[PDB]
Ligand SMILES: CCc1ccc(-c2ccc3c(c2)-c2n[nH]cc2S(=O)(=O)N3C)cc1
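Shown next as structure tokens: one chain only, the form deposited without the ligand.
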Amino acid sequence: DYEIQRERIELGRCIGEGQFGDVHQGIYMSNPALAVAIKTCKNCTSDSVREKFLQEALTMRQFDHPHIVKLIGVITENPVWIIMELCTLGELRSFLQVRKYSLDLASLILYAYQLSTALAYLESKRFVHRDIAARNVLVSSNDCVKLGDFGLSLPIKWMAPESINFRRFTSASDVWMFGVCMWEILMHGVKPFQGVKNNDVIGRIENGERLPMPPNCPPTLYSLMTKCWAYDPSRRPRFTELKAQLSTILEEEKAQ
């Protein structure tokens, strides 16, 4: 029973604007009072809007992983809300931009590794995400990030060529996106292909061009990104190998 009684929720501060409405921080008093994120939905009086909004809760219900945000519950009477576990430090991109000169390279590699464990878990369940990007990752603590959006908010600059050309989204296309996400992390939250028009990305990729090696990115990590960006989907690694390779890279950086 994921249905939460509204009297147990104490709506707090607005922390952002989601695709469906404002997102707030709050308190859920079950177990002692716990920190929660509350997604709201401006137009959920409409059944069509409500179904799309609440699909993220139906999807998240299925998962249990240390690096995937937990669904606490839903309130399906107007105003409709989705209650999730709060990642108190917020969005990964802003976190990386603000903490750029204080975070060590070991921390950036650790974030890529933790995301790879969540994605290996989703791969083990045959779940295809379709929207892997640093904008969908949240920060729980200085040493913990979580995949935090399954709403499906066109992200051309992150998409695998087969996704752009044929609308095909598979486990291999998620690996291409994860490569872009790793580039974003190592770039301290800079977006891929800044200044380039969406319809021109396609052409550069076809021409064999890829995102350049971020400054101070270990060459082993960049080589791993280039493997995620094989044009042929069948040539991209799976998450079991990405996770193992990232663990080695992380330990090599920790040793210095």
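Take the two forms, find the largest set of C-alpha atoms that superpose within 1.5 Å, and that set is the rigid core. So that there is no doubt, residue numbering starts at 1 and follows the sequence shown.
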- Message: Tell me whether residue 94 turns out to be unmodelled in at least a third of the other entries of this protein, restricted to those that model residues on both sides.
- Response: no
- Task: Tell whether, across the other compared PDB entries, at least a third have no coordinates for residue 119.
- Result: no
- Task: Using none, 1 to 3, 4 to 9 or 10 or more, say how many deposited residues go missing between residue 30 and residue 31.
- Result: 1 to 3
- Task: Check the residues of the deposited sequence separating residue 78 from residue 79 and report how many of them have no coordinates, as none, 1 to 3, 4 to 9, or 10 or more.
- Result: none
- Going by the average Cα B-factor in the PDB entry, point out whether 246-254 or 1-9 comes out higher. 1-9
- Message: Averaging CA B factors per stretch from the PDB record, which one is higher: 204-212 or 56-64?
- Response: 204-212
- Message: Just to confirm, going by the entry's C-alpha B-factors, which of 196, 187, 228, 38 comes out highest?
- Response: 196
- Identity of residue with top Cα B-factor, from 117, 136, 153, 170: 153
- Within-chain third of residue 74 by Cα B-factor, per the entry: middle
- Can you work out whether the C-alpha temperature factor of residue 128 puts it in the lowest, middle or highest third of the chain? lowest
- Would you please rank residue 113 by its C-alpha temperature factor against the other modelled residues of its chain and give the third it falls in: lowest, middle or highest? lowest
- In terms of its chain's C-alpha B-factors, the third that includes residue 241 is the lowest
- What third of its chain's C-alpha B-factors does residue 146 belong to: lowest, middle or highest? lowest
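Here the subject shifts to the form deposited with the ligand bound, a form of this protein not shown in this document.
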- Task: Just superimpose the C-alphas near the binding site, carry the ligand over as positioned in the deposited bound form, and say whether the shown chain is open or blocked by the 2.4 Å backbone or C-beta rule (3+ atoms for blocked).
- Result: blocked
- Using heavy atoms and a 4.5 Å limit, would one call residue 183 a contact residue for the ligand in the deposited bound form? no
- Any of the heavy atoms of residue 137 lying within 4.5 Å of the ligand in the deposited bound form? yes
- Just to confirm, residue 230 within 4.5 Å of the ligand in the deposited bound form by heavy atoms? no
- Message: Can you work out whether residue 81 and the ligand are in contact in the deposited bound form, taking contact to mean some heavy atom pair no more than 4.5 Å apart?
- Response: no
- Just one of 102-110, 159-167, 126-134, 73-81 has residues with a heavy atom within 4.5 Å of the ligand in the deposited bound form, so point it out. 126-134
- Note on the structure: Restricting to 156-194, the residues within 4.5 Å of the ligand in the deposited bound form through any heavy atom are 174, 177, 178, 181
- Residue from 108, 145, 84, 132 whose Cα, after superposing the rigid core, lies 2 Å or more away between the shown form and the other one: 132
- Relative to the superposed rigid core, does the CA atom of residue 18 travel 2 Å or more between the shown form and the other one? yes
- Query: So the C-alpha spacing of residue 131 and residue 116 changes by 3 Å or more in the deposited bound form; is that change toward closer or farther than shown?
  - Reply: farther
- Distance flag for residue 218 and residue 130 (Cα, change 3 Å or more) in the deposited bound form: the two residues are farther
